[PDB]
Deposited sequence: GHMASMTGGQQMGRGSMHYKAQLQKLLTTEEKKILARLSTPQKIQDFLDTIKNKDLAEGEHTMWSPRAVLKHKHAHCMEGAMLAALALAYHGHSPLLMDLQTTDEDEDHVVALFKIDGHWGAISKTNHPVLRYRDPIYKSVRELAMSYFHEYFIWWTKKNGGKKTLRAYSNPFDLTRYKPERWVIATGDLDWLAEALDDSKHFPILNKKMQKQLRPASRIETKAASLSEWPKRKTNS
């Protein structure tokens, strides 16, 4: 199956996890199965729960969802990769878990709205995948700059392998240092100042569509 580094990394994860947690991760053996699992978790004070906490309470915001996805991907031999989607100060950033199948990038995403969703493994580069989010990242919750497109940059794939898995997989603290390290990593701008002046606000039908909610119900 997987390489030496991956099998070693999986072994370190198995030392930290309970039999129940491993039985769950063993079932999530494709990126599609992982997204299906996050679909059963209730979408979200302030928190930054570990994958352990998320599996216990079955509640997650986008980075909590992406860290659990990255864990499940690593348990089946993928790199635990996050990508930050970074907006203007008018909006909140969004995090996904990147994956590759046959040389093509996909993304697992935990969101409550019909935008910034899952991406199939069909995108030839990180850039191409990231640009598939741009048009649907906009102000939908106020008339003030209604429809303004707010995405400005995407991170390099952020490999959680650089940290001891104890520090995030089963942490009882808040992992704000991990969020901060992601936000501080290499990002690539999507626009220059000229391109920003060209931007057209999303239509009323688009802001109405974006406002629909998965949770509750």
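Coordinate coverage of the deposited sequence breaks at 1 to 10, 55 to 59, 233 to 237, these segments carrying no C-alpha atoms.
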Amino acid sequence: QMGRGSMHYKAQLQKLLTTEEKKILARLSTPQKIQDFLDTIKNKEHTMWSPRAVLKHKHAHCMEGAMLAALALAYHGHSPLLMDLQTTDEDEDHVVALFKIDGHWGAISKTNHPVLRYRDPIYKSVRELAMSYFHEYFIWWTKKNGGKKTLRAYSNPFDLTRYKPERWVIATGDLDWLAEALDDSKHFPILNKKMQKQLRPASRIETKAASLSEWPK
From here on, numbers count along this sequence of modelled residues.
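Look at the mean CA B-factor for 203 to 211 and for 15 to 23 in the entry; the higher one is 15 to 23.
As the entry records it, the average C-alpha temperature factor is higher for 143 to 151, out of 130 to 138 and 143 to 151. Per the deposited record, the Cα B-factor of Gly173 falls in the highest third when ranked against the other modelled residues of its chain.
Sorting the modelled residues of the chain by their CA temperature factor places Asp159 in the middle third. For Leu191, the recorded CA temperature factor ranks within the middle third of the chain's modelled residues. Split the chain's modelled residues into thirds by C-alpha temperature factor. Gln35 is in the lowest one. Annotation for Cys62: CA B-factor lies in the middle third of the chain's modelled residues.
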